[PDB]
Amino acid sequence: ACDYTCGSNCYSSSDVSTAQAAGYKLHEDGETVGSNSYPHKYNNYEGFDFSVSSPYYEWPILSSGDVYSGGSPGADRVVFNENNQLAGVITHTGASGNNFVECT
Ligand SMILES: Nc1nc2c(ncn2[C@@H]2O[C@H](CO)[C@H]3O[P@](O)(=S)O[C@H]32)c(=O)[nH]1
């Protein structure tokens, strides 16, 4: 079931959970991958009413189902905090410039 729909991409809660665990572990270890250094800080310039508290960090979630490892990040991201709570799933798809919109 599409627990989250990012543009055309459909993700289940397990897909998101898998991505989050990978991103969080890197954050914990103090490691980053990709030229944009993921996972990196998400300042919430869009002003999403996340129910969990910051600091927030974004990490790419891939439609292939693979866990991100350093290449093209695509348009979708899972955002989590230091308590390893999921804040939300967002995407550049349908947003202008380098803005994000929430996945539904
Ligand atoms: N859109 C957006 N970008 C953010 C936010 N916080 C940090 N960024 C960074 O701001 C720049 C413009 O979006 C990008 O450089 P980057 O470091 S790869 O990660 C993005 C945020 O809340 N929203």
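Cut-offs and rules
Residues numbered from 1 in each chain as written, not as in the entry; some residues may be left out. Heavy atoms only, no water. UniProt positions renumbered as here; feature names shortened; annotations may be inferred. Helix = DSSP H or I, 4+ residues; strand = E, 2+ residues; numbered from the N terminus. Rg over C-alpha atoms; globule rule 2.2 N^0.38 Å. Buried < 20%, exposed > 50% of the residue type's maximum accessible area, 1.4 Å probe, protein only. Contact = heavy atoms within 4.5 Å. Disulfide = S-S within 2.5 Å.

Per the PDB record, the structure was determined using X-ray crystallography to 2.00 Å resolution.

In the annotation of the PDB entry, the protein is listed under the name RIBONUCLEASE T1 and assigned to Aspergillus oryzae. The title given for this PDB entry is "RIBONUCLEASE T1/2',3'-CGPS, NON-PRODUCTIVE". Check the Catalytic activity section of the UniProt entry for the protein; it says "[RNA] containing guanosine + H2O = an [RNA fragment]-3'-guanosine-3'-phosphate + a 5'-hydroxy-ribonucleotide-3'-[RNA fragment]." Comment text from UniProt for the protein, heading Subunit, reads "Monomer."

## Regarding the overall build of the protein
Assigned secondary structure in the protein consists of one helix and seven strands. Here the C-alpha radius of gyration of the protein, 12 Å, is about what a compact globule of 104 residues would show, namely 13 Å. Dimensions of the protein, computed from the C-alpha atoms along their principal axes, are close to 30 × 30 × 25 Å. Looking at the 104 residues of the protein, the share that counts as buried comes to 38%. Contacts spanning at least 24 positions in sequence make up 47% of the contacts within the protein whose residues lie at least 6 apart.

## Some words on the state of the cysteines
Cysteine pairs can be covalently joined through their sulfur atoms, and such a bond is termed a disulfide. Under the definition given, this model contains two disulfides. Through a disulfide, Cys2 is tied to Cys10; the S-S separation comes to 2.0 Å. Its S-S torsion of approximately -100° makes the covalent link between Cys2 and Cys10 left-handed. The disulfide partner of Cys6 is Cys103, and the gap between their sulfur atoms is 2.0 Å. Torsion about the S-S bond of the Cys6 and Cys103 cystine: about 115°, corresponding to right-handed handedness. Highlighted residues: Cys6 in strand β1 (residues 4–6) and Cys103 in the segment after β7 (101–102), separated in sequence by 97 residues. Looking at the protein, its bonded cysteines, counted consecutively from the start of the sequence, adopt the pairing 1-3, 2-4.

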